[PDB]
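This is the structure I want to talk about, given as structure tokens.
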Amino acid sequence: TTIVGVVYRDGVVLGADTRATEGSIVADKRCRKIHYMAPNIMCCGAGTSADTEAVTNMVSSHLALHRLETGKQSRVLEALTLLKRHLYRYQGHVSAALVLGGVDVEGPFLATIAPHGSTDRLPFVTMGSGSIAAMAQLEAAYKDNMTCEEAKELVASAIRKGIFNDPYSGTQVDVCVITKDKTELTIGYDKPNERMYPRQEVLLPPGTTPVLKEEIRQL
Amino acid sequence: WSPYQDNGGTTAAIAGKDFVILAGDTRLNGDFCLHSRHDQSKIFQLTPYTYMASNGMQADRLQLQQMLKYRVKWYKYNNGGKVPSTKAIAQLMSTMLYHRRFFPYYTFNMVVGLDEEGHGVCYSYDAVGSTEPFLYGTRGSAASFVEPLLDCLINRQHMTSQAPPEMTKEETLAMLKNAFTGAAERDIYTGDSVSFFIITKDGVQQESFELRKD
Amino acid sequence: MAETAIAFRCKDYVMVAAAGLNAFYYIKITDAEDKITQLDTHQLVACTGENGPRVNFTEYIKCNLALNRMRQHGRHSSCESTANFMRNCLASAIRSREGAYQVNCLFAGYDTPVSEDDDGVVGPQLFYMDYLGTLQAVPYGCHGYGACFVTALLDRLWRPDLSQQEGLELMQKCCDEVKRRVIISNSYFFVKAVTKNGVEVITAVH
Amino acid sequence: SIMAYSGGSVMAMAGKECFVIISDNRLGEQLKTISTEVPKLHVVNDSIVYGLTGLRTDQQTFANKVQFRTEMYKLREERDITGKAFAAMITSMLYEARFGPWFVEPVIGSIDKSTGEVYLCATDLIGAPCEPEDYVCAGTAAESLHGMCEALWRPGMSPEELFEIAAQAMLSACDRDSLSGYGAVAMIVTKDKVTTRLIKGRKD
Amino acid sequence: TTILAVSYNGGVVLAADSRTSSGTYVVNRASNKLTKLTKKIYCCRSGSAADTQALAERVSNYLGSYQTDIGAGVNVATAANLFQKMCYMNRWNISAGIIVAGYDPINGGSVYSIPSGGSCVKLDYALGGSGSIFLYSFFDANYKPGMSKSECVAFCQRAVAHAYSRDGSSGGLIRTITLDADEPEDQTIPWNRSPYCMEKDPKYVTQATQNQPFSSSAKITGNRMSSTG
Amino acid sequence: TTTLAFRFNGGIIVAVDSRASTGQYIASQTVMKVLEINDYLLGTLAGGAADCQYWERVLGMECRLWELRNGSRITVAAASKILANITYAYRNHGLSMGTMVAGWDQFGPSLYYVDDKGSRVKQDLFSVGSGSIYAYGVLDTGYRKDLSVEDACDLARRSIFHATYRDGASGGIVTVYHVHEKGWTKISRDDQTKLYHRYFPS
Amino acid sequence: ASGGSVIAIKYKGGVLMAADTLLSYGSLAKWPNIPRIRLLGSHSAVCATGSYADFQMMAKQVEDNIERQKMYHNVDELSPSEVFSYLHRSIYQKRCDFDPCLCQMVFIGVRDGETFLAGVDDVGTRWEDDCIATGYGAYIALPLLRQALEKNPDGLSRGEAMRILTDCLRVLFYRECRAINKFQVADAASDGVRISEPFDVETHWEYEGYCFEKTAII
Amino acid sequence: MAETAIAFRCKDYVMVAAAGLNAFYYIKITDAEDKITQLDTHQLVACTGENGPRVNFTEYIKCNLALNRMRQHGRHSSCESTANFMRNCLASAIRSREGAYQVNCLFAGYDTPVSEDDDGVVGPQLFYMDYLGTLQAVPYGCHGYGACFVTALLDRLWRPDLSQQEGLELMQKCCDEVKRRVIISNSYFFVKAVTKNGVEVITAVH
Amino acid sequence: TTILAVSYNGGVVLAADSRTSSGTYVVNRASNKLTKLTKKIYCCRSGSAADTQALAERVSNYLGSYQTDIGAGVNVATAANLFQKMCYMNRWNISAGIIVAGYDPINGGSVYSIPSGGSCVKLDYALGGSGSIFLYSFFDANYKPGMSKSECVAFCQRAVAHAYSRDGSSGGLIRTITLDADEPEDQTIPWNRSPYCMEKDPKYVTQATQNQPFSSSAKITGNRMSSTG
């Protein structure tokens, strides 16, 4: 898993890979790691997919309950506080490193939660296994007040560094852009590893696998 | 600090009627990074009709290759220029693997070569030297992916359909390419570029095939 | 694991046979202790394990079946119900504080049509039950050390429609095999049989 | 370990308007076949079918809990529980006991009756859901099944052809595994009908 | 991680590095270890980050309620006692060293040190963190009490720059804050303006003569800096 | 692994499966468990395949040397003591091998079992391996001295087949060898599943 | 004592190997003014990561072998690839004795056109590329070098490769704890290896997102 | 420890009895293997332990006694000499690299006056020998699991001057006791007797 | 244990503490860690005492024989290489950190540092021992190369007195020796004359206000120094 987040001129840009490996074997090739938290708060997650989905869904329902109560849009500091409280209550057994990013009346906001509960608010953050190979790119190319196109090029490039140089990441680039009004989530922003050496479709004319006894049930 | 390490990779051979297709992926990875994508230290040519393809730790196979090459050279010098056969090389390698039984080599090997009547045969070893001659075979981290696929298209068991004709060089090459393109998409440590060696009687030829670099 | 329980179903009976061995670390406390505990008039259980867990678990199961029969005015429960209810205690024990019931059982019974409306099973039932809570309806099962020796032995010789006497002789064969190939002293074997008449203590073979 | 104690393997494949879920038959104790005639499949209604895998006692406990919950759902809500709701339900059930974990690894397949959309899912033992578009597989023969399927499966397969690939993959994958085998049982379910087929395998 | 606090006439000066590290990798290179509790009381936290963040925010939530209830400013003794109590009944589970410094109109400027063990010592100047031990023999030499406000912040920045130059676990920005009768004022000097660094120190310019050229005499003449030579 | 050999009036019968499982993955289904040492002795492979192969090849070198020097075939009692000494010298190096040497010397047929700690027993009925506990059951209840060669071969084949069927570490191809005074001959070599529909038809 | 990270890259005509001039003792930056780039013979150079004693002994043992061989007999001095081969064989032989040479080395060399760049671990693993990096440079620096290679596979220029060497040294300074901002670049061309004077790469610490108010967890 | 060796001396004979059990972890390899190895014409040794050490140690001792008899032109050694020489190998093994001979033995013999000048012992000798190198001349000794049960049994019934037949019946009693109270399957017992005529395989009791 | 060596124009100055301790008990309070090898080459040894004593006497026995054989003075490189070789093929069994310093007419004054690992770095000034880490940030501040002979020994004594004042494992006499063209001269200043000590440092005279009297106001006013008060 490799998740990056970049604060640009107005809003934030989050990116992630798609490969999910279940113990040294690629289980799914197009898993989605950019969850939803609010109309203006997205949350990438790295580590154990179980906890990353559980805590995100928990606080995502809590925020919805809350903004139905108050009536205002939800603040990213509330989501960050809920997440960090829950994570610290379990002493890191809930192993989900999260990148939480949204837009408020206070401008963009992009923070990162370690599995132990500690938070940092930075201009750009990266988490996951290929967090060292992706950060290497952001340090080399992040200038202040980038336009949306530049932030998306930068996030795609920072992901393609973890895609190619890390074994536990790759096969695609998920890039979501959050602004004050909208939030557009493009799934296949870049697919470098293209579908080479086409399949041969081995042909087995139905019946070659012997069957002993069959009960068909019409409905 | 432990003197062992697994540098991933995989190899796979299919013996035919008068040829053998050997294949090894050119990719070398260390602890957590990726050292190289052009590692050619898997398939080592001992004699013009014999190769050894080994996986596991890279230093151990770079050592075992030299030990085998010098044993082959001694055999060639004592027997008046007579290049040993595949059977002799395979038995020699088993004997060599078992001598270092208490501080073993961390390699899994295949001695792929041609027999005397012209037929091609492959051998497969454990870490200590349990050799077994066979007609195909894969080793490495991608073993349990490729082996059952070849088991199903070669042995043609569990299919009530008369056995197809004998597979030639091109068909076997295409089948092995299928297997590697399928294993490069589900194993994290396998596949940046594979090298094929078609061993026939009028020498050997060599080809490359490119996979996903993720 | 020392004491073997053999059990096999035929057309019109189930047979069980439990090595009555009882030991202390290597000292034979006894060579005759009845390990086949009868639950209801048509059901019995062959347990193997330490004596503490065996006796406590069997007494608990027996008391609960008896109470349930009291709460239903003489309504016997079928064998699937008793099997699942044993399995439920065995399984919930491995996630409790006191831990697992370290006892393996073979539940045997003969299902009798309880009323005129009844349309359930009429034949005999055998259920293999592990200590972790596994439950499987088998044609023949065996527990303990000799469990393997006789299992293979039964594959070669068991037939769906053995009579009573061929069941006797097959049980003699399996018992003598266990005696001849296991290092543990399993001399007396306590054979019981479940048939439409109830449970019967077979005395000939041992 | 503990997940490979009872053996077993399940695998689901999606066709065009259909899908096939197939399981092995073996039940043993870490080497020794206890019985050779236990399938892994459970049908909840005419459009869902799931198969568990892991420890056998936890397979049975979890199947009882899932059946309890499904019958409770159909009573409270007067309707057949759909696929996605079923998968999310068992995901929550699994994550509840997160530090007392169940040792199952379920494999759900489902289809929309009138819509025609297929839906596969295969959670981890701690609840991580993983829904692909082609096929899922779990059990002792996971890697071998992955290898066979990623080579045999192609997008738009029809039922009578999908059953072929499913059978061949399960057989060739259980052949290279010591904790599975003894034939197989497959269920090919479409929008209109559900079919069960026992598949002759090696008695090895 | 290096943190320190120095007391002068008016108030106190807090200084700290900005770098949280995962043993040998810089996780966050612009961290902020000066956590405000009240408007005039701050804490520098060292050790683990999760534990000290939970403690700082719990104690600040307590302090906000006490001050609202009583209706008048809070001393520093209150906050230091709360920290000591908490970091004392969790002393087995957390590794958290705190430096609570502030200003109250009653007792002027005050600095309390709460080490790993959980004690609470009210000092004139406090040091803490993994990179502190390089500062003791710096304060014994170059520090005299009774400094002014400006000379105090200069000395604090200099001490931190001498601490994170030699320490591997420390570095990055130097963040200081001054708390006194006026508004609390902050300052962050980067690394490319630090008042000391071992690269611009002219005694570390000439290199150690290690790669001796293969020569004929035993006279040492510096390294071998080319193939021709 | 399942290996058995029993002695009767007419010679010795060896029978093996052909599967080598590395834990839970099946390496191969064609391993050759019976290593014909010479034209007169049969050794079987159980345990570590490397150790058994190597040490039985050493023993086949030493029997041939013995024959060269003295000009007479080695006997089974001495060909088995060589392996017992070889194994007993390494009793503290972690070998894992239990083999069965079966031969027909000038004192009739002899069948020894040589373990990995130097144990060396002489009995007329052995079955080593992990599925061995399933062979004995079907072996002890049908075995008697006066078996015809085909009846005894069938007993051995039907006894290995039941070990392959209940055990996960055994299976493949059941092979039966016969040791008589003239040497030894491979009786039969048949797949384990084609046997299933031959013993339990319908 | 232990060195830091090393990075190296091949350009059109030569090799460049950069390394920081610092030796640490665990977490303490002990000696910031020592040279870590050695050069062997008259064509090749080496630089090691990790323990310094082992590198100091191994480089001495392979520098005695080169000069003796050339001085005793009338032979040509060893090519880069052959002195690297000897280095690798000696490291492996020390490892078989459970006496490991606990340092990952990067080895560069040029002899009349055939430019050589290899790397060797301490367990005996050896490899060769167009870009090598040890220590933490294998994670932080190496991806940048690989992209800068593949964005133009025809071959970098000398200045166009020195640029990216500076750009990766900068990140290595940012994100590696035990590192300082005073590096050295050994440049190996046809004439021969040439070590540069220590230089410093400029940095940037003035992002607006680092302001005191923003990074605050109140 | 599983296989018990009983041995007791009477006036004009020694009896030994060795359980011929041979096992693999729990599988009875055999129930008839001769564990009483004869060294010279008037001496025998009952060893108990694993088969490797037992056979190797006994063959080594036998070859060395035979060689010594060759080097002395048919001069038999007394039983004290053979006992001490066995004890010396057993003891020097526990301070070598290969370690201890994990085998316990009972050395029995009958000392015969070798010449006219000879004035040594004429009676039977029994020597209990532990695996560590202990050596003690006892009236009766026992090794293994049943070793205790029979030892007490012998204290109650052993007399210095039992005849041959009362020795037979006492050995029958001890053997049946071991069979009745030990969990291990010790069915066949291999009784041998040393008397002035040599060693005699007693067939009746077992 | 604190040892150091500083190089100046003419030669070198070695300084060290004098106290060998058994963890928390002063075994020997007047030890001598400056072992002579030759007349003009000395070594300060730190770590274990048995290992470094065996090494020092073995290397000095080697140096006496080489010098007699060749008939001319010995460089410092010779002794440093011998030490490095020995402390390298015993690196698993000994814990021995050496500072070999001396003067030879060829290369003037020289200082080599051979740490625990077994390397050998030729430096301009070397520090070593358990109490050294307090001296790095002291040398980065108060040290400038090119000092005179007298100012060098003053700085060395001051550094050692600042190192053993804060360190528990170090203390006792300060033993220095100067090696240059003239005769090697020794000096041992006691503790009751040291150029620094935390008891006579006037910033550690006023005590921490810890024992507050049970009072009615929140004003801090110092400790409670009597029962009546």
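Note that the chains take the letters A, B, C, D, E, F, G, H and I in the order they are written out, and that residue 1 is the start of every chain.
Following the convention adopted for this analysis, contacts are C-beta pairs under 8 Å (C-beta built on N, C-alpha and C of every residue); 3 or more make two chains touch, one makes a residue touch a chain.
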Intersection of contact partners for subunit D and subunit G: A, B
Contact-graph distance - origin subunit C, target subunit F: 1
Chain ID, smallest distance between chain and overall C-alpha centroids: B
Length of the line joining the C-alpha centres of subunit A and subunit E, rounded to whole Å: 36
Chain centre separation in whole Å, for subunit F relative to subunit B (CA means): 31
CA centroid of subunit C to CA centroid of subunit H, Å: 45
Subunit D residues counted as touching two or more neighbouring chains: 32, 143, 146, 151, 167-168, 171, 175-176
In subunit H, residues with contacts to at least two other chains: 27
In subunit E, residues with contacts to at least two other chains: 25, 30-31, 53, 165-166, 198, 208, 210
Chains that touch, pairwise: A-B, A-D, A-E, A-G, B-D, B-F, B-G, C-D, C-F, C-H, D-F, E-G, E-I, F-H, G-I
Residue ranges of subunit C in contact with subunit H within the complex: 2, 21, 23, 26-28, 145, 180-185
Subunit F-facing residues of subunit C, complex: 148-153, 155-156, 173, 177, 180-181
Complex interface listing, subunit F residues touching subunit C: 133-138, 140-141, 158, 162-163, 165-166
Subunit B-touching residues of subunit D, taken from the complex the two chains share: 143-144, 146-148, 150-151, 167-168, 171-173, 175-176, 201
Subunit F partner contacts - residues on subunit B that touch it in the complex: 94-95, 97-98, 101-102, 124, 126, 128-132, 134, 144
